[PDB]
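Visitor:
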Amino acid sequence: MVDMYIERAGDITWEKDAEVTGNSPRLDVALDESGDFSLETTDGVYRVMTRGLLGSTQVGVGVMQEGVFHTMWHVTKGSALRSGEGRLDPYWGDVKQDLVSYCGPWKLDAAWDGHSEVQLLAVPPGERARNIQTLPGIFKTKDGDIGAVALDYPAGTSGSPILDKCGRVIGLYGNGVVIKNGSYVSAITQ
Amino acid sequence: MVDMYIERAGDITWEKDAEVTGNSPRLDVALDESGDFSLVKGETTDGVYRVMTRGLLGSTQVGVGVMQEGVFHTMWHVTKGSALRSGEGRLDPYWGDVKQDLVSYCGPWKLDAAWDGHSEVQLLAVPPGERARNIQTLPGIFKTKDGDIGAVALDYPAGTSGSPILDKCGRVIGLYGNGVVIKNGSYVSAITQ
Ligand SMILES: *[B]1([C]([C][C][C][N]C([N])=[N])[N]C(=O)[C]([C]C2=[C][C]=C([C][N])[C]=[C]2)[N]C(=O)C2=[C][C]=[C][C]=[C]2)O[C][C]([O])[C]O1
Ligand SMILES: *[B]1([C]([C][C][C][N]C([N])=[N])[N]C(=O)[C]([C]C2=[C][C]=C([C][N])[C]=[C]2)[N]C(=O)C2=[C][C]=[C][C]=[C]2)O[C][C]([O])[C]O1
């Protein structure tokens, strides 16, 4: 009927005095037209899920804010989410940004200062919501520069919110690149 | 040091008296030059291997791959030619093509077996923290600009990408992990050589 759905995993907070780790490197980065880098409805953080062959399972993470659900284009490619007792339908989304909006337009405004040390609210599969601080590094692109979080989490975390000391959501996890060592590193995609 | 590594998990074999299932959608699809479909020293023993990175939750299955005639094959989005430790030693990526969405390590591509056109196939899905299964289905196709391309309607977790579909004679007909979802949400995977 509608394979996918969301289930929530807490409200968005800043863990004061949480744990800190991360390389914070500055590195220069291309950007494909597909969004690749190179060289109901209650405010809260949800998990995107799918009823599959091995039954139910987490394909990514999205955040719910003022009536509107926000995740990453590659996670849903605007499929329909069966949120609560009713359906939930795409409104807008751009593949190069790698982002999607259900029910309304993009509601998330705050931005990385180039000063603040940020906080990833990771929500990995079969695991509980975790907060974690880091000095983000940077993605030196030809047009603009993007804040970058050196944090290796597993598949299905993609679309976890990155945060400001305020508690504000300043972009999403799980679009990035890997270094030579294999270490993962994500863009603060906004 | 070299986060990413692989671990063998068993033999590629066909398995008769397998559980049989799935649809066969003949569908109308096309794919950009980035690879995305869109709708309208280290040891190299044969068999199927799981792929692992070593991140902030320990060690997790990024994907899956097949290992044959001295060379490792998996999806390109899984590694993007990231180096892979195996046993005592490394495997450097040899060849690649993001459009196909493939990569080969320590030698060129080796798997030459290709879609029957008409005959049931088995997915040897090796999902994360779970038990490699064999499951059969009759493929649909994706009809395209550049001709028909076989595909299977088999919905499996993130991290099974790279895992081999194969023929009645165990010949790896192509990997799992690139595909698109029907309106419904259901995943459907192109079997990619
Ligand atoms: B995600 C996953 C979350 C990050 C965890 N993965 C790690 N550490 N290996 N993100 C990715 O897999 C992204 C996916 C992506 C798809 C499409 C586009 C638009 N062209 C952008 C990003 N891939 C990468 O970041 C990546 C980088 C370098 C090498 C390989 C892959 O994604 C899908 C599901 O949610 C599973 O988790
Ligand atoms: B796979 C993963 C297999 C899990 C299938 N998901 C569900 N929900 N049943 N496949 C994908 O995530 C691929 C990733 C991909 C990245 C980059 C490119 C660049 N051309 C192509 C493909 N994406 C899709 O198949 C897809 C389909 C429909 C909607 C969104 C995404 O397992 C581990 C990792 O995720 C890598 O692949």
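Order-wise, the sequence lines are chains B and A.
Counting with PDB author numbering, you get residues -1, 49 to 86, 1017 to 1167 for the letters of the first sequence.
Counting with PDB author numbering, you get residues -1, 49 to 87, 1015 to 1167 for the letters of the second sequence.
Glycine included, each C-beta is placed from N, C-alpha and C at the ideal position.
1) Quick check on A:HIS1047: does DSSP put it in helix, strand or coil?
2) Leaving out five residues before and five after B:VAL49 in sequence, what residues of the same chain have Cβ atoms less than 7 Å from its Cβ?
3) Reducing DSSP to helix, strand and coil, say where B:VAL1040 ends up.
4) Closer than 7 Å: is that where the CB of A:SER1033 sits relative to any heavy atom of ligand 1?
5) Tell whether a beta-carbon distance below 8 Å holds between B:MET1026 and B:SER1033.
6) What's the gap between the Cα of A:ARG73 and the Cα of B:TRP61?
7) B:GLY1039 and B:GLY1159: beta carbons closer than 8 Å?
8) Relative to the C-alpha of B:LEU1140, which candidate in B:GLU1062, B:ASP83, B:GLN1167, B:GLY1153 has its C-alpha closest?
9) Could you please give the first and the last residue of the uninterrupted beta strand (DSSP E) stretch that includes B:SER1163?
10) For ligand 2, is there a heavy atom less than 7 Å away from the beta-carbon of B:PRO1102?
11) Would you say A:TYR1130 lies against chain B (beta-carbon separation less than 8 Å)?
12) With distances taken between CB atoms, is the gap from B:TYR1150 to B:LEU1097 smaller than 8 Å?
13) According to the neighbour-count rule (16 or more other Cβ atoms, all chains shown, within 10 Å of its Cβ), is A:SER1078 buried or exposed?
14) Are the segment 1118 to 1129 of chain B and the segment 1082 to 1101 of chain B touching, with three or more C-beta to C-beta distances below 8 Å?
15) Which of helix, strand or coil does DSSP assign to A:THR1034?
16) For A:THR1111, name the three-state secondary structure that DSSP assigns.
17) Whose CA, out of A:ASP1122, A:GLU1104, A:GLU54, lies closest to the CA of A:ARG1028?
Guide: The answer reads as follows:
1) On the second sequence, residue 1047 of chain A is found 73 positions in, with the first residue counted as 1. In the three-state reduction of the DSSP assignment, A:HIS1047 falls in the strand class, which pools E and B.
2) Taking the first residue of the first sequence as position 1, residue 49 of chain B is located at position 2. The residues are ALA1057, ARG1059, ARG1064.
3) Taking the first sequence and counting its residues from 1, the one referred to as residue 1040 of chain B is at position 63. Taken through DSSP and simplified to helix, strand or coil, B:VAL1040 comes out as strand.
4) Translated into the one-based positions of the second sequence, residue 1033 of chain A becomes position 59. For A:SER1033, the Cβ stays outside the 7 Å cut-off from all heavy atoms of ligand 1.
5) The residue you call residue 1026 of chain B lines up with position 49 of the first sequence. The residue you call residue 1033 of chain B lines up with position 56 of the first sequence. Between B:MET1026 and B:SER1033, the C-beta gap is smaller than 8 Å, which places the two residues in contact.
6) Indexing the second sequence from 1 puts residue 73 of chain A at position 26. Indexing the first sequence from 1 puts residue 61 of chain B at position 14. So the alpha carbons of these two residues sit roughly 49 Å apart.
7) Looking up residue 1039 of chain B in the first sequence gives position 62. Looking up residue 1159 of chain B in the first sequence gives position 182. No; because the gap between Cβ atoms is not below 8 Å, this pair is not in contact.
8) Locating residue 1140 of chain B in the first sequence gives position 163, counting from the first residue. Looking at the Cα atoms, B:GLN1167 is the closest of the given residues.
9) Against the first sequence, residue 1163 of chain B aligns to sequence position 186. It spans 1161 to 1164 - the beta strand (DSSP E) in which B:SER1163 sits, taken as one unbroken run.
10) By one-based count along the first sequence, residue 1102 of chain B stands at place 125. No, the beta carbon of B:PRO1102 sits no closer than 7 Å to any heavy atom of ligand 2.
11) Position 156 of the second sequence holds residue 1130 of chain A. For A:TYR1130, the answer is yes, since a Cβ of chain B falls inside 8 Å of its Cβ.
12) Within the first sequence, the letter at position 173 stands for residue 1150 of chain B. Within the first sequence, the letter at position 120 stands for residue 1097 of chain B. Cβ atoms of B:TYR1150 and B:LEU1097: closer than 8 Å.
13) Looking up residue 1078 of chain A in the second sequence gives position 104. With 16 or more other CB atoms across the displayed protein chains lying within 10 angstroms of its CB, A:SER1078 is buried.
14) Three or more Cβ pairs closer than 8 Å define a contact, and the segment 1118 to 1129 of chain B meets that threshold against the segment 1082 to 1101 of chain B.
15) On the second sequence, residue 1034 of chain A is found 60 positions in, with the first residue counted as 1. Three-state result, A:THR1034: strand.
16) As a first step, residue 1111 of chain A must be located in the second sequence, where it is residue number 137. Secondary structure of A:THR1111 (DSSP, three-state): strand.
17) Against the second sequence, residue 1028 of chain A aligns to sequence position 54. Out of A:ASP1122, A:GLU1104, A:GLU54, the CA that lies nearest to the CA of A:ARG1028 is found in A:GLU54.
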